Amino acid sequence: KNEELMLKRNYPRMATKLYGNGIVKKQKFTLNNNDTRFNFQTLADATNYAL
Amino acid sequence: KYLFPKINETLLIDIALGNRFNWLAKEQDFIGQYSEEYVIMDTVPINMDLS
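Chains A and B, in that order, are what the protein sequence lines are. Following the numbering used here, the numbering of the first sequence begins with 1 at its first residue and continues without gaps. Following the numbering used here, the numbering of the second sequence begins with 1 at its first residue and continues without gaps.
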């Protein structure tokens, strides 16, 4: 091969992977003070339930 | 032919018997009639959408 092969550039090639974001996840629970207390004949049972 | 018969031993085989369910045996109080038992059902986290 000819001698000007030295001057040609062979760049290193590569392989990427672009991911992105995740997921904000959510859950809630509503505890009542009016009608949950019509069950649970002990206050300790109501606090055990709320826990 | 005229003597009353003589017994000499009277033995009483006596064995104490176990339960194999005795560590299970809790000691309750025995007042009231019914006993209730419950759980909390599953509730998966859901995605947040801000729209």
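Beta carbons are placed, not taken as given, at the ideal position from N, Cα and C, and that holds for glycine.
inquiry  = Taking the straight line between their C-alpha atoms, what separation do you get for residue 58(B) and residue 30(A)?
reply    = In the structure displayed, chain B extends from 1 to 51; residue 58(B) sits before or after that span and is not available.
query = Mind pulling the chain A residues with CB within less than 9 Å of residue 13(B)?
reply = In chain order: nothing, as chain A lies at least about 51 Å away.
key: Within chain B, partners of residue 26(A) - CB distance below 9 Å   = 45, 46, 47, 48
query = So residue 37(A) and residue 46(A) are in contact, right, with Cβ under 8 Å, and what is the actual spacing, rounded?
reply = 6 Å
task = Determine the direct distance from the alpha carbon of residue 11(B) to that of residue 37(B), and round the result to whole angstroms.
result = Just so you know, the alpha carbons of residue 37(B) and residue 11(B) end up roughly 51 Å apart.
request  = Would you check if the distance between the CB atom of residue 25(A) and the CB atom of residue 19(B) is smaller than 8 Å?
outcome  = no
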